[PDB]
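Novice: Structure incoming, see below.
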Amino acid sequence: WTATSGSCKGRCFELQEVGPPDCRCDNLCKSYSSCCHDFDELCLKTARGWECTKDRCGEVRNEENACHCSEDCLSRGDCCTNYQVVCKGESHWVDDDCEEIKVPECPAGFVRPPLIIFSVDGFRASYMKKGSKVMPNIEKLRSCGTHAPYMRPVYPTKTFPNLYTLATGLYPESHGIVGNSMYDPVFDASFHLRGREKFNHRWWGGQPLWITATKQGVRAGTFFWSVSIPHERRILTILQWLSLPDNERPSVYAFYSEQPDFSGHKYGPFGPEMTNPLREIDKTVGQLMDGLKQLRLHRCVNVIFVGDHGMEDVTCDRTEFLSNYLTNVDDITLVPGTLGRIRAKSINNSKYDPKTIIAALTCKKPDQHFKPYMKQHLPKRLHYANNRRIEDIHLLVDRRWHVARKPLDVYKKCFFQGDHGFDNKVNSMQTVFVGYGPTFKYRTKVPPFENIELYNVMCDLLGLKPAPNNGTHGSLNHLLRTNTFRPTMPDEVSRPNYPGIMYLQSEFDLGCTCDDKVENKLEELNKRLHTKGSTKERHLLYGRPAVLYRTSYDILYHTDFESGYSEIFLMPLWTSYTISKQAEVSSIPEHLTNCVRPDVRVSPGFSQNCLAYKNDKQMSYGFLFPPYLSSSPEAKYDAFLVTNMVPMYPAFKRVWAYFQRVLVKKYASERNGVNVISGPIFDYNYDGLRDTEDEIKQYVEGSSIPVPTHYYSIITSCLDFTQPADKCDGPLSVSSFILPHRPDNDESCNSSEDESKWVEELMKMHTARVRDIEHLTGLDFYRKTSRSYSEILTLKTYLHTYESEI
Ligand SMILES: *[C@@H]1O[C@H](CO)[C@@H](O[C@@H]2O[C@H](CO)[C@@H](O[C@@H]3O[C@H](CO[C@H]4O[C@H](CO)[C@@H](O)[C@H](O[C@H]5O[C@H](CO)[C@@H](O)[C@H](O)[C@@H]5O[C@H]5O[C@H](CO)[C@@H](O)[C@H](O)[C@@H]5O)[C@@H]4O)[C@@H](O)[C@H](O[C@H]4O[C@H](CO)[C@@H](O)[C@H](O)[C@@H]4O[C@H]4O[C@H](CO)[C@@H](O)[C@H](O)[C@@H]4O)[C@@H]3O)[C@H](O)[C@H]2NC(C)=O)[C@H](O)[C@H]1NC(C)=O
Ligand SMILES: O=C(c1ccc(-c2ccc(Cl)cc2)cc1)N1C[C@@H]2CN(C(=O)c3ccc4[nH]nnc4c3)C[C@H]2C1
Ligand SMILES: [Ca+2]
Ligand code: NA
Ligand code: NA
Ligand SMILES: [Zn+2]
């Protein structure tokens with residue numbers, strides 16, 4: 001109940017929210033059905049339109065007008081945005097040459113450059129180039145300010161998850177808005193685009209920029225606009241707020257456009273009808289910048305032009321129906337469309353089984369346009385599992401397609417030609433970032449980056465301390481002229497032991513054998529050198545990883561590789577080795593096929609054993625440093641140490657052996673040498689964070705050998721590939737992956753074929769940032785390079801996507 005008897009008189013677009021039943025006059029009241037009786041008449045004036053014409057100049061103030069062209073309008077802060085152009089001979093902002101803004105030029109009483117976030121829904125990154133002819137205002141912001149060729153959204157590439165990720169720096173699994181539609185089984189409550197539950201605070205986790213600002217004494221304009229408030233009015237409202245007295249005036253503002261998403265859904269991303277919405281958005285930008293220029297704020301304000309996600313061609317005919325796969329289609333609830341989420345229709349149904357549902361959905365049709373996953377098996381780069389609102393069963397839908405439960409859902413709910421939601425590495429889902437103002441750089445292009453990184457920068461722009469988030473603070477310092485945040489490397493928590501030879505071969509009873517009993521001071525002094533680190537500069541190029549948690553581990557040196565061996569987990573946390581362009585691949589000699597060798601630097605009690613693998617009928621083993629890449633037949637024996645062994649399902653060994661025998665050499669040839677760091681990951685509770693020893697759900701049968709959920713590799717080389725990986729003088733280049741360690745290759749529908757047809761495609765799907773591996777391992781990489789730390793942070797957030805040209 002709202003008693004709408006009060007008045008909006010002198011309260012139009014007031015900043016403080018007033019609770020029921022006193023009537024509201026803020027930009028949200030429409031959505032709440034709570035506006036005072038006179039809100040429209042007083043606050044939403046439209047009379048005479050939005051532009052001054054010659055004859056309006058000098059007019060006597062008529063209060064009924066939408067905006068004014070009277071002589072007092074500048075000081076009332078309520079001129080039409082084109083007033084100075086029409087009435088005072090000024091130019092439109094877009095027509096002025098751009099000139100570097102070296103320092104803020106703010107009027108008196110401005111304590112900091114204000115920040116204006118201009119967010120556009122469904123603005124696909126390629127619009128910046130493809131519509132540049134019809135968007136001169138946006139093209140000027142882009143060419144004169146700082147821009148990326150594209151910004152990567154979060155998964156799913158839906159509106160509410162991405163806008164709230166923009167506001168918080170958080171993955172949707174952490175902020176809680178994991179779709180536009182959700183069911184929370186703890187609340188027993190549903191979040192819908194339609195209705196009042198979505199307003200309830202309990203859906204919205206983390207701390208959005210406007211709350212961060214407010215808690216730290218920086219006032220914010222409201223970010224939310226009721227759909228019926230016309231864009232011209234939203235702009236006039238911002239400009240009016242910017243004329244408030246100093247103590248009242250917000251420092252951060254947001255504008256939001258429903259376009260081009262609205263038309264893109266109807267017409268497709270490049271429908272001929274899309275030119276007009278792009279023009280209109282440009283005009284709105286022109287209005288804002290002209291209005292800032294009148295207020296003398298156009299060289300004071302930092303403006304961010306940012307999208308939530310792109311738009312792909314999708315039509316009704318490209319829909320896959322679960323009724324063509326499942327017999328029990330009525331025992332399931334599906335969240336449908338460009339992603340699928342499946343749960344039981346009824347909690348009282350004990351004949352519901354996710355395993356038979358996944359199996360009925362796996363590789364069933366030749367050209368199947370979706371792939372099912374238990375959420376824990378989704379690519380770790382999606383970070384989409386650790387929330388109770390995310391259903392256990394997930395369908396990743398191919399770009400251009402939908403999934404639906406039954407055909408009746410698609411015709412009794414073609415209409416649409418565009419949609420979004422797909423995998424966030426898809427080219428069509430990329431969106432835009434432009435920053436313009438005194439704090440951003442001048443005419444600077446920056447590499448693509450992820451939207452989770454912006455919250456930190458928006459905090460930096462406002463002098464705020466960000467709440468804890470998933471951005472990596474300092475990774476976007478290269479966007480900024482000043483206000484850079486100067487991070488320090490994390491302190492190493494555990495120091496390594498450097499074991500020498502401490503055990504005799506007969507102290508070991510590991511059930512392993514090796515045909516290695518074959519035999520010289522020339523070569524013996526030499527192998528002693530290798531075991532103390534004499535080749536360590538070749539194989540460990542960026543310093544040893546730092547261990548950021550409390551544990552007990554040994555550094556082990558070898559001719560061809562170095563490792564940090566965990567006495568707790570019984571295997572390396574990391575193994576580092578360099579493969580030059582000239583290196584040669586060899587096979588494992590016949591007599592060494594089953595060779596495992598005790599490591600005389602590491603006690604039997606802190607070693608694995610071969611008996612456990614013999615007795616575990618499901619589990620085999622692989623090696624982190626690959627015997628195929630040994631530098632010499634004698635160095636090969638090091639690769640068969642028990643301290644280089646890791647548990648691997650036979651099915652996973654197919655992937656791993658192809659990566660090690662074929663792909664590392666291929667990368668070394670292509671990149672002029674590579675440095676590889678590989679190791680295990682344990683994330684049994686799928687939170688994206690290193691498991692402690694007591695979280696491990698699976699061991700090699702009858703042993704204390706923990707089974708990894710994933711294996712990672714970080715592959716680094718010189719960005720200037722004319723220099724070899726091991727003699728690189730400048731910036732680095734990296735690609736990484738986090739491969740799921742699974743007992744089957746059900747994920748790969750072509751896995752019955754030769755690895756050359758399916759392994760690399762698997763690995764591409766599981767591409768990752770170094771930072772993702774850092775979270776999963778508690779390791780910090782690239783501690784000793786000649787590069788600035790900020791540049792290294794950027795490298796660690798890089799994701800190699802394998803998409804073609806945007
Ligand atoms: C991305 O960045 C984010 C932000 O930094 C990272 O998320 C953080 O990670 C931490 C580790 O997972 C986590 O810390 C925990 O905090 C618990 C208290 O949390 C509340 O308070 C904070 C602060 O205001 C608040 O933000 C939290 O909000 C969550 O939950 C609400 C309501 O459900 C949601 O609205 C909100 O969206 C958010 O949900 C997300 O996080 C939670 C986990 O907190 C998930 O469950 C959700 O699925 C969702 O992802 C909370 O309101 C605190 O209780 C924890 O401490 C336990 O464990 C430690 C072990 O060290 C121990 O010291 C304690 O004793 C305690 O153990 C006891 O509880 C156990 C579990 O119940 C029980 O088993 C034991 O027996 C004990 O009784 C813990 O410190 C932090 O909350 C989140 N923050 C956010 C915002 O999500 C994220 O990791 C980053 N991702 C990556 C990949 O890097
Ligand atoms: O009020 C806001 C808001 C604006 C900006 C920021 C914002 C957040 C962070 C920053 Cl940094 C800036 C602005 C925060 C909220 N709304 C209201 C709008 C309602 N809505 C949809 O109904 C909708 C739209 C497109 C879709 N496609 N498919 N389904 C769709 C459903 C989109 C919502 C956005
Ligand atoms: Ca974990
Ligand atoms: Na076995
Ligand atoms: Na398969
Ligand atoms: Zn949309």
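As shown in the structure tokens, the chain order sets the letters A, B, ...; within each chain, residues go from 1, and ligands are also counted from 1 in the order they appear.
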Applying 12 Å and only C-alpha atoms, which residues near residue 500 (chain A) remain after dropping the ones on its own chain fewer than 5 positions away? List them as a PyMOL selection string.
Specialist: chain A and resi 528+531-533+554-557+599-603
Novice: Neighbours of ligand 2 within 8 Å, counting only C-alpha atoms and all ligand atoms, as a short mmCIF file (atom, residue, chain, number, x, y, z; two decimals) with N, CA and C atoms, in the first residue's frame?
Specialist:
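Saved result, pocket33.cif, follows:
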data_model
loop_
_atom_site.label_atom_id
_atom_site.label_comp_id
_atom_site.auth_asym_id
_atom_site.auth_seq_id
_atom_site.Cartn_x
_atom_site.Cartn_y
_atom_site.Cartn_z
N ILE A 117 28.68 6.61 -15.98
CA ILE A 117 28.71 5.31 -16.63
C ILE A 117 27.49 5.32 -17.58
N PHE A 118 27.77 5.24 -18.87
CA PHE A 118 26.74 5.21 -19.90
C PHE A 118 26.68 3.75 -20.35
N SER A 119 25.72 2.97 -19.86
CA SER A 119 25.69 1.55 -20.19
C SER A 119 24.63 1.26 -21.28
N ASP A 121 22.62 -1.79 -23.39
CA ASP A 121 22.25 -3.21 -23.39
C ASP A 121 22.42 -3.82 -24.79
N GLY A 122 23.01 -5.02 -24.86
CA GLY A 122 23.15 -5.73 -26.15
C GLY A 122 24.06 -5.08 -27.22
N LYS A 158 23.87 -12.91 -20.23
CA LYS A 158 22.53 -12.45 -20.03
C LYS A 158 22.66 -11.11 -19.31
N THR A 159 21.57 -10.36 -19.34
CA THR A 159 21.53 -8.96 -18.93
C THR A 159 21.78 -8.72 -17.46
N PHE A 160 20.98 -9.34 -16.58
CA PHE A 160 21.13 -9.07 -15.15
C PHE A 160 22.45 -9.60 -14.54
N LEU A 163 25.09 -6.95 -15.88
CA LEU A 163 25.03 -5.64 -15.28
C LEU A 163 25.44 -5.71 -13.81
N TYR A 164 25.04 -6.75 -13.10
CA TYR A 164 25.44 -6.77 -11.69
C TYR A 164 26.92 -7.14 -11.51
N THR A 165 27.48 -7.94 -12.42
CA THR A 165 28.94 -8.13 -12.44
C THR A 165 29.62 -6.78 -12.71
N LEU A 166 29.13 -5.97 -13.65
CA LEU A 166 29.72 -4.64 -13.82
C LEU A 166 29.74 -3.84 -12.48
N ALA A 167 28.63 -3.91 -11.75
CA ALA A 167 28.46 -3.12 -10.53
C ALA A 167 29.31 -3.63 -9.37
N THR A 168 29.68 -4.91 -9.37
CA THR A 168 30.31 -5.55 -8.19
C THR A 168 31.71 -6.12 -8.34
N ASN A 180 18.80 -14.49 -15.70
CA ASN A 180 17.65 -13.58 -15.69
C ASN A 180 16.46 -14.23 -14.98
N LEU A 193 11.92 -11.86 -14.19
CA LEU A 193 11.96 -10.54 -14.82
C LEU A 193 10.66 -9.77 -14.58
N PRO A 208 27.63 -3.48 -4.60
CA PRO A 208 27.68 -2.75 -5.86
C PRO A 208 28.29 -1.37 -5.67
N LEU A 209 28.77 -0.82 -6.76
CA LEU A 209 29.52 0.42 -6.76
C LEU A 209 28.79 1.54 -6.01
N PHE A 223 21.28 4.37 -10.05
CA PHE A 223 21.65 3.65 -11.26
C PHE A 223 20.45 3.13 -12.06
N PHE A 224 19.32 2.95 -11.38
CA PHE A 224 18.15 2.30 -11.97
C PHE A 224 17.21 3.31 -12.60
N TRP A 225 16.76 3.06 -13.83
CA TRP A 225 15.80 3.97 -14.46
C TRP A 225 14.51 3.20 -14.82
N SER A 226 13.34 3.74 -14.47
CA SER A 226 12.07 3.12 -14.90
C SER A 226 11.95 3.21 -16.42
N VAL A 227 11.55 2.10 -17.03
CA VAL A 227 11.56 1.92 -18.50
C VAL A 227 10.82 3.04 -19.25
N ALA A 254 24.84 6.91 -13.26
CA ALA A 254 24.68 5.94 -14.37
C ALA A 254 23.50 6.30 -15.29
N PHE A 255 23.69 6.07 -16.59
CA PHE A 255 22.62 6.15 -17.55
C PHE A 255 22.52 4.72 -18.12
N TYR A 256 21.34 4.26 -18.49
CA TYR A 256 21.19 2.98 -19.09
C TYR A 256 20.29 3.10 -20.31
N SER A 257 20.71 2.44 -21.39
CA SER A 257 19.87 2.34 -22.61
C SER A 257 19.43 0.88 -22.82
N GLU A 258 18.13 0.70 -23.04
CA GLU A 258 17.58 -0.61 -23.41
C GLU A 258 17.98 -1.02 -24.81
N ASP A 261 19.77 -3.70 -27.56
CA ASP A 261 19.29 -5.05 -27.27
C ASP A 261 17.85 -5.21 -27.73
N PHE A 262 17.02 -4.22 -27.41
CA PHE A 262 15.58 -4.36 -27.67
C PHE A 262 15.31 -4.67 -29.16
N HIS A 265 16.95 -8.17 -30.54
CA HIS A 265 16.17 -9.38 -30.29
C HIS A 265 15.17 -9.58 -31.44
N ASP A 419 19.46 -13.20 -30.05
CA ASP A 419 19.48 -13.56 -28.65
C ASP A 419 20.94 -13.63 -28.14
N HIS A 420 21.09 -13.70 -26.83
CA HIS A 420 22.39 -13.76 -26.22
C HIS A 420 22.30 -14.67 -25.01
N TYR A 455 35.01 -2.88 -11.92
CA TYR A 455 34.61 -2.36 -10.62
C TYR A 455 35.80 -1.73 -9.90
#
Novice: Using only C-alpha atoms and all ligand atoms, find each protein or nucleic acid residue lying at most 7 Å from ligand 5; present the set as a list in words.
Specialist: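 Selection of residues at most 7 Å from ligand 5: residues 745, 746, 747, 748, 749, 750, 751 and 752 of chain A.
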Novice: If we count only C-alpha atoms, what is near residue 491 (chain A) at a cut-off of 10 Å, once residues fewer than 6 positions away on the same chain are taken out, given as a ChimeraX atom specification?
Specialist: /A:546-549,780
Novice: Write to file, as a CSV table (one decimal), in the first residue's frame, the residues of the selection just made, with C-alpha atoms.
Specialist:
chain,number,residue,atom,x,y,z
A,546,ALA,CA,55.5,-18.7,-4.5
A,547,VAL,CA,53.4,-21.0,-2.2
A,548,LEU,CA,50.7,-18.8,-0.6
A,549,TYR,CA,49.5,-21.1,2.1
A,780,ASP,CA,51.7,-17.1,-7.4
Novice: Could you give me, as a tab-separated table, a per-residue list for chain A showing, wherever an atom lies at most 8 Å from an atom of ligand 3, the closest pair of atoms and their distance in Å to one decimal, using only C-alpha atoms and all ligand atoms and sorting by chain then residue number from low to high?
Specialist:
residue	atom	partner	partner_atom_place_in_ligand_line	distance
A:682	CA	ligand 3	1 (Ca)	6.7
A:683	CA	ligand 3	1 (Ca)	3.9
A:684	CA	ligand 3	1 (Ca)	5.7
A:685	CA	ligand 3	1 (Ca)	4.9
A:686	CA	ligand 3	1 (Ca)	5.4
A:687	CA	ligand 3	1 (Ca)	4.8
A:688	CA	ligand 3	1 (Ca)	5.6
A:689	CA	ligand 3	1 (Ca)	4.2
A:690	CA	ligand 3	1 (Ca)	4.7
A:691	CA	ligand 3	1 (Ca)	4.1
A:692	CA	ligand 3	1 (Ca)	7.5
A:695	CA	ligand 3	1 (Ca)	7.6
A:776	CA	ligand 3	1 (Ca)	7.0
Novice: Using only C-alpha atoms and all ligand atoms, find each residue of chain A with at least one atom at most 7 Å away from an atom of ligand 1; report its shortest atom-to-atom pair and that distance in Å (one decimal), sort the rows by chain and rising residue number, and return the result as JSON lines.
Specialist:
{"residue": "A:170", "atom": "CA", "partner": "ligand 1", "partner_atom_place_in_ligand_line": "1 (C)", "distance": 5.7}
{"residue": "A:171", "atom": "CA", "partner": "ligand 1", "partner_atom_place_in_ligand_line": "1 (C)", "distance": 6.3}
{"residue": "A:173", "atom": "CA", "partner": "ligand 1", "partner_atom_place_in_ligand_line": "50 (O)", "distance": 4.9}
{"residue": "A:174", "atom": "CA", "partner": "ligand 1", "partner_atom_place_in_ligand_line": "50 (O)", "distance": 3.7}
{"residue": "A:175", "atom": "CA", "partner": "ligand 1", "partner_atom_place_in_ligand_line": "37 (O)", "distance": 4.1}
{"residue": "A:176", "atom": "CA", "partner": "ligand 1", "partner_atom_place_in_ligand_line": "37 (O)", "distance": 4.5}
{"residue": "A:202", "atom": "CA", "partner": "ligand 1", "partner_atom_place_in_ligand_line": "35 (O)", "distance": 6.0}
{"residue": "A:203", "atom": "CA", "partner": "ligand 1", "partner_atom_place_in_ligand_line": "35 (O)", "distance": 6.3}
{"residue": "A:204", "atom": "CA", "partner": "ligand 1", "partner_atom_place_in_ligand_line": "35 (O)", "distance": 5.7}
{"residue": "A:205", "atom": "CA", "partner": "ligand 1", "partner_atom_place_in_ligand_line": "37 (O)", "distance": 3.5}
{"residue": "A:206", "atom": "CA", "partner": "ligand 1", "partner_atom_place_in_ligand_line": "86 (C)", "distance": 4.4}
{"residue": "A:383", "atom": "CA", "partner": "ligand 1", "partner_atom_place_in_ligand_line": "93 (C)", "distance": 6.7}
{"residue": "A:386", "atom": "CA", "partner": "ligand 1", "partner_atom_place_in_ligand_line": "48 (O)", "distance": 5.0}
{"residue": "A:387", "atom": "CA", "partner": "ligand 1", "partner_atom_place_in_ligand_line": "48 (O)", "distance": 3.5}
{"residue": "A:388", "atom": "CA", "partner": "ligand 1", "partner_atom_place_in_ligand_line": "48 (O)", "distance": 5.9}
{"residue": "A:468", "atom": "CA", "partner": "ligand 1", "partner_atom_place_in_ligand_line": "5 (O)", "distance": 4.3}
{"residue": "A:469", "atom": "CA", "partner": "ligand 1", "partner_atom_place_in_ligand_line": "2 (O)", "distance": 4.1}
{"residue": "A:470", "atom": "CA", "partner": "ligand 1", "partner_atom_place_in_ligand_line": "1 (C)", "distance": 4.2}
{"residue": "A:687", "atom": "CA", "partner": "ligand 1", "partner_atom_place_in_ligand_line": "93 (C)", "distance": 6.3}
{"residue": "A:688", "atom": "CA", "partner": "ligand 1", "partner_atom_place_in_ligand_line": "93 (C)", "distance": 4.2}
{"residue": "A:689", "atom": "CA", "partner": "ligand 1", "partner_atom_place_in_ligand_line": "93 (C)", "distance": 5.8}
{"residue": "A:772", "atom": "CA", "partner": "ligand 1", "partner_atom_place_in_ligand_line": "93 (C)", "distance": 7.0}
{"residue": "A:775", "atom": "CA", "partner": "ligand 1", "partner_atom_place_in_ligand_line": "94 (O)", "distance": 5.5}
Novice: Once DSSP has gone over the backbone, tell me which residues of region 251-358 of chain A are in strand (DSSP E), as a PyMOL selection string.
Specialist: chain A and resi 252-260+302-307+312-313+319-321+332-335+339-344
Novice: Just to be explicit: take each residue in the selection above, keep N, CA and C atoms, and write the result as a CSV table (one decimal), in the first residue's frame.
Specialist:
chain,number,residue,atom,x,y,z
A,252,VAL,N,29.1,10.0,-8.6
A,252,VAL,CA,28.9,8.9,-9.5
A,252,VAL,C,27.5,8.9,-10.0
A,253,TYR,N,27.3,8.6,-11.4
A,253,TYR,CA,26.1,8.6,-12.0
A,253,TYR,C,26.0,7.4,-13.0
A,254,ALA,N,24.8,6.9,-13.3
A,254,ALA,CA,24.7,5.9,-14.4
A,254,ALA,C,23.5,6.3,-15.3
A,255,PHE,N,23.7,6.1,-16.6
A,255,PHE,CA,22.6,6.2,-17.6
A,255,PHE,C,22.5,4.7,-18.1
A,256,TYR,N,21.3,4.3,-18.5
A,256,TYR,CA,21.2,3.0,-19.1
A,256,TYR,C,20.3,3.1,-20.3
A,257,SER,N,20.7,2.4,-21.4
A,257,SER,CA,19.9,2.3,-22.6
A,257,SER,C,19.4,0.9,-22.8
A,258,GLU,N,18.1,0.7,-23.0
A,258,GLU,CA,17.6,-0.6,-23.4
A,258,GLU,C,18.0,-1.0,-24.8
A,259,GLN,N,18.4,0.0,-25.6
A,259,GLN,CA,18.8,-0.3,-27.0
A,259,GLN,C,20.4,-0.4,-27.0
A,260,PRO,N,20.9,-1.1,-28.0
A,260,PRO,CA,20.3,-1.8,-29.1
A,260,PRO,C,19.7,-3.2,-28.8
A,302,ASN,N,34.8,12.0,-16.0
A,302,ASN,CA,35.2,10.7,-16.7
A,302,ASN,C,34.0,10.0,-17.1
A,303,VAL,N,33.9,9.7,-18.4
A,303,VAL,CA,32.7,9.0,-19.0
A,303,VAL,C,33.1,7.6,-19.3
A,304,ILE,N,32.3,6.6,-18.9
A,304,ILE,CA,32.6,5.2,-19.4
A,304,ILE,C,31.4,4.8,-20.3
A,305,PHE,N,31.7,4.4,-21.5
A,305,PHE,CA,30.7,3.9,-22.4
A,305,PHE,C,30.9,2.3,-22.4
A,306,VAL,N,29.9,1.6,-21.9
A,306,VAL,CA,30.1,0.2,-21.6
A,306,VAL,C,28.9,-0.6,-21.9
A,307,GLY,N,29.1,-1.8,-22.5
A,307,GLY,CA,28.0,-2.7,-22.8
A,307,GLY,C,27.9,-3.9,-21.8
A,312,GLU,N,23.6,-12.4,-31.0
A,312,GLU,CA,23.8,-13.4,-32.0
A,312,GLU,C,22.5,-13.6,-32.8
A,313,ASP,N,22.7,-14.0,-34.1
A,313,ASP,CA,21.5,-14.5,-34.9
A,313,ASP,C,20.9,-15.8,-34.3
A,319,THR,N,16.0,-24.6,-32.8
A,319,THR,CA,15.8,-25.0,-31.4
A,319,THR,C,15.9,-26.5,-31.3
A,320,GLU,N,16.7,-26.9,-30.3
A,320,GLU,CA,16.7,-28.4,-30.0
A,320,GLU,C,15.7,-28.7,-28.9
A,321,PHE,N,15.0,-29.8,-29.0
A,321,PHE,CA,13.9,-30.1,-28.0
A,321,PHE,C,14.3,-31.3,-27.1
A,332,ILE,N,11.1,-33.3,-15.5
A,332,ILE,CA,12.1,-32.2,-15.4
A,332,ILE,C,11.6,-30.8,-15.5
A,333,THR,N,12.2,-29.9,-14.8
A,333,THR,CA,12.1,-28.5,-15.0
A,333,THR,C,13.3,-28.0,-15.8
A,334,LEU,N,13.1,-27.4,-16.9
A,334,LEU,CA,14.1,-26.7,-17.7
A,334,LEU,C,14.1,-25.2,-17.6
A,335,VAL,N,15.2,-24.6,-17.3
A,335,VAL,CA,15.4,-23.1,-17.7
A,335,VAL,C,16.0,-23.1,-19.1
A,339,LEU,N,21.0,-21.1,-22.9
A,339,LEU,CA,21.7,-22.0,-22.0
A,339,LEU,C,20.6,-22.9,-21.4
A,340,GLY,N,20.9,-24.1,-21.0
A,340,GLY,CA,19.9,-24.9,-20.3
A,340,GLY,C,20.3,-25.2,-18.9
A,341,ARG,N,19.3,-25.2,-18.0
A,341,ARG,CA,19.5,-25.6,-16.6
A,341,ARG,C,18.4,-26.6,-16.2
A,342,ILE,N,18.7,-27.7,-15.7
A,342,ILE,CA,17.7,-28.8,-15.5
A,342,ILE,C,17.7,-29.2,-14.0
A,343,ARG,N,16.5,-29.2,-13.5
A,343,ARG,CA,16.4,-29.9,-12.2
A,343,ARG,C,15.1,-30.7,-12.2
A,344,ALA,N,14.9,-31.5,-11.1
A,344,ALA,CA,13.7,-32.4,-11.0
A,344,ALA,C,12.5,-31.5,-10.9
Novice: Would you list the residues that come within 9 Å of ligand 4? Count only C-alpha atoms and all ligand atoms and give the answer as a ChimeraX atom specification.
Specialist: /A:610-621,649-650,700
Novice: So which residues touch residue 14 (chain A) within 10 Å, counting only C-alpha atoms, skipping near sequence neighbours fewer than 3 positions away, as an MDAnalysis selection string?
Specialist: chainID A and resid 8 10:11 17:18 24:27 221:222 241
Novice: Find the residue from A:172, A:706, A:626, A:268 that sits nearest to ligand 6; use only C-alpha atoms and all ligand atoms when measuring.
Specialist: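 For ligand 6, the nearest of the given residues is A:268.
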Novice: Point out the residue among A:403, A:314, A:128, A:115 with the least atom-to-atom distance to ligand 6, counting only C-alpha atoms and all ligand atoms.
Specialist: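 The answer is A:314, which sits nearest to ligand 6.
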Novice: Rank A:72, A:562, A:509, A:308 by their smallest atom-to-atom distance to ligand 6, using only C-alpha atoms and all ligand atoms, and report the top residue only.
Specialist: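 Distance minimum relative to ligand 6 lands on A:308.
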Novice: Skip residue 362 (chain A) itself and residues of its chain fewer than 4 positions away, then list as a list in words all residues within 7 Å of it, counting only C-alpha atoms.
Specialist: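 Surrounding residues, per the criterion: residues 358, 371 and 372 of chain A.
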Novice: For the residues in the current selection, export C-alpha atoms as a PDB file, in the first residue's frame.
Specialist:
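This went into part_39.pdb:
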ATOM      1  CA  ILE A 358      22.993 -36.609 -18.783  1.00  0.00           C
ATOM      2  CA  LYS A 371      26.301 -30.349 -24.771  1.00  0.00           C
ATOM      3  CA  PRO A 372      25.269 -31.415 -21.254  1.00  0.00           C
TER       4      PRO A 372
END
Novice: Env of residue 763 (chain A): 12 Å cut, atoms = only C-alpha atoms, seq-sep filter 6 positions within chain, self excluded. Answer as a compact mmCIF listing (two decimals) with C-alpha atoms, in the first residue's frame.
Specialist:
# COMPACT_ATOMS: atom_id res chain seq x y z
CA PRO A 379 35.18 -25.17 -18.17
CA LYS A 380 36.62 -23.57 -15.10
CA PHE A 652 42.58 -38.86 -19.49
CA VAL A 655 44.56 -36.46 -23.78
CA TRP A 656 47.65 -35.93 -21.67
CA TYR A 658 48.86 -36.29 -26.96
CA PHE A 659 49.45 -32.91 -25.32
CA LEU A 663 51.40 -30.44 -28.83
CA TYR A 711 45.49 -30.80 -14.57
CA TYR A 712 46.77 -27.34 -15.66
CA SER A 713 49.56 -26.10 -17.86
CA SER A 735 48.25 -19.52 -23.05
CA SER A 736 47.01 -21.85 -20.32
CA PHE A 737 44.47 -24.54 -19.77
CA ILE A 738 42.80 -26.35 -16.88
CA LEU A 739 41.78 -29.78 -18.17
CA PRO A 740 39.12 -31.81 -16.31
CA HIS A 741 40.60 -35.06 -15.08
CA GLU A 747 32.62 -34.65 -23.39
CA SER A 748 34.35 -35.21 -26.69
CA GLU A 755 43.62 -37.76 -30.74
CA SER A 756 44.61 -35.52 -33.68
CA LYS A 757 40.89 -35.04 -34.32
CA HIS A 800 43.69 -17.21 -25.10
CA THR A 801 40.30 -17.62 -26.77
CA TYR A 802 40.98 -19.26 -30.17
Novice: Using DSSP assignments from the backbone, pull out every residue in region 202-305 of chain A that falls under alpha helix (DSSP H) and give it to me as a PyMOL selection string.
Specialist: chain A and resi 209-215+231-241+261-267+275-294
